[PDB]
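In the block that follows, a single chain appears as structure tokens, in the form deposited in one PDB entry.
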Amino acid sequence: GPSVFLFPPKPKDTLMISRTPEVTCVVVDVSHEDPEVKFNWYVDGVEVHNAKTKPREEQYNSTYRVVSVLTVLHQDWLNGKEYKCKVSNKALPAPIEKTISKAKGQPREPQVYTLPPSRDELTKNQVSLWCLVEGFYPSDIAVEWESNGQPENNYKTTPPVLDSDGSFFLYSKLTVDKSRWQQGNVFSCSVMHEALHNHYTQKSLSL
């Protein structure tokens, strides 16, 4: 029978009020013999009716893939409400039920520190700027770099690491031309997390 996978919104979508967070229910292996899928959606066990189900679409293993998308309210997600997808198909013994919610646990505020390049490194032609983010919980987070209001996207960020106190830390490494650094340009690490005021902080770094 078919399989169902339920996916959360993007952290940045739940944290920025301008954005629209979505929960996504994906049904795979819908065979031709029975192509019809019914989605029932529930928030905290109360059924809701505003999900939008997409035109089911045929895959190369020649079976079907069906997707329903439910817009969530930012504060519902952040307040820990549970989102249940129920998938009904002729070919199932019983309907499939998947439930998802925000990672549980007492929130803890990220501490954000920018670290300049090592001396050592001032001899190649690029330098590494570092954004250390530590002490946060849960691990859902968004970390971005910019300069003069523009995204600097030539960076890589480690996954969150569980630290000895049960909080998480990570490191974002931004690589820039050494000339940009030596000439005094200002670079900024932006962090978005539920435990921050306005879900947002920015820390800047320059020579």
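All residue numbers are counted from 1 along the displayed sequence.
Quick note: we don't show the form deposited with a partner chain bound, though the next part is all about it.
- At least one heavy atom of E144 is located within 4.5 Å of its partner chain in the deposited bound form.
- Remark: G149 counts among the residues lining its partner chain in the deposited bound form, judged by a heavy atom distance of 4.5 Å or less.
- Shown alone here, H74 lies within 4.5 Å of its partner chain in the deposited bound form, counting heavy atoms only.
- Contact check for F7: every heavy atom lies farther than 4.5 Å from its partner chain in the deposited bound form.
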